[PDB]
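Undergrad: Sharing a structure, written as structure tokens. Questions coming.
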Amino acid sequence: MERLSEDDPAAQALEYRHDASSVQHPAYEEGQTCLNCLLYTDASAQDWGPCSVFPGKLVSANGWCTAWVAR
Ligand code: SF4
């Protein structure tokens with residue numbers, strides 16, 4: 001298990017960013033982050049945590065990707 005990289009192809013496919021504040025995408029809305037995403041398994045991981053859509057990786061709690069969905 002290791003931190004996901006923004007240039008990993010899997011990351012790119014979902015337009016993932018470690019910092020949501022840097023997202024420029026039509027579906028994005030300010031306030032959406034991995035931290036408040038249903039796929040972010042450990043709601044208490046405030047730094048790096050697992051994500052169902054990225055098996056074997058840790059994503060940034062302050063990040064975002066196109067698969068974002070409210071908890
Ligand atoms: S699916 Fe949710 S928790 Fe996983 S990277 Fe995308 S926004 Fe973050």
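For the structure tokens, the naming scheme is as follows: chains receive sequential letters (A, B, ...) according to their order of presentation, residues are indexed from 1 within each chain, and ligands are indexed from 1 in presentation order.
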What residues of the protein or nucleic acid chains come within 6 Å of ligand 1 when you use only C-alpha atoms and all ligand atoms? Reply as a JSON list (two decimals) with C-alpha atoms, in the first residue's frame.
TA:
```
[["chain", "number", "residue", "atom", "x", "y", "z"],
["A", 33, "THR", "CA", -12.74, 16.51, -1.05],
["A", 34, "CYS", "CA", -11.66, 12.93, -0.56],
["A", 37, "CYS", "CA", -16.24, 11.34, -0.29],
["A", 39, "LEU", "CA", -15.28, 6.08, -1.40],
["A", 40, "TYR", "CA", -12.78, 7.34, 1.20],
["A", 51, "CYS", "CA", -10.04, 4.85, -1.49],
["A", 53, "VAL", "CA", -11.62, 3.16, -6.46],
["A", 59, "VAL", "CA", -5.14, 9.21, -1.51],
["A", 63, "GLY", "CA", -7.78, 15.72, -2.88],
["A", 64, "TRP", "CA", -10.48, 15.07, -5.47],
["A", 65, "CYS", "CA", -11.23, 12.98, -8.56],
["A", 67, "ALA", "CA", -15.49, 9.65, -8.93],
["A", 68, "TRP", "CA", -16.26, 11.98, -6.01]]
```
Undergrad: When you look at residue A:3 with a cut-off of 12 Å (counting only C-alpha atoms), what residues show up, excluding the ones that are within fewer than 5 positions of it in the same chain? I need them as a list in words.
TA: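 Near residue A:3, the qualifying residues are residues 8, 11, 18, 47, 48, 49, 50, 51, 54, 55, 56, 57, 58, 59, 60 and 61 of chain A.
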Undergrad: What does the distance between atom CA of residue A:27 and atom CA of residue A:2 come to in Å, to one decimal place?
TA: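 For atom CA of residue A:27 relative to atom CA of residue A:2, the distance reads 27.4 Å.
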Undergrad: What lies within 9 Å of residue A:28 using only C-alpha atoms, ignoring chain neighbours under 3 positions off, as a list in words?
TA: residues 20, 23, 24, 25, 31, 32, 64, 65, 66 and 68 of chain A
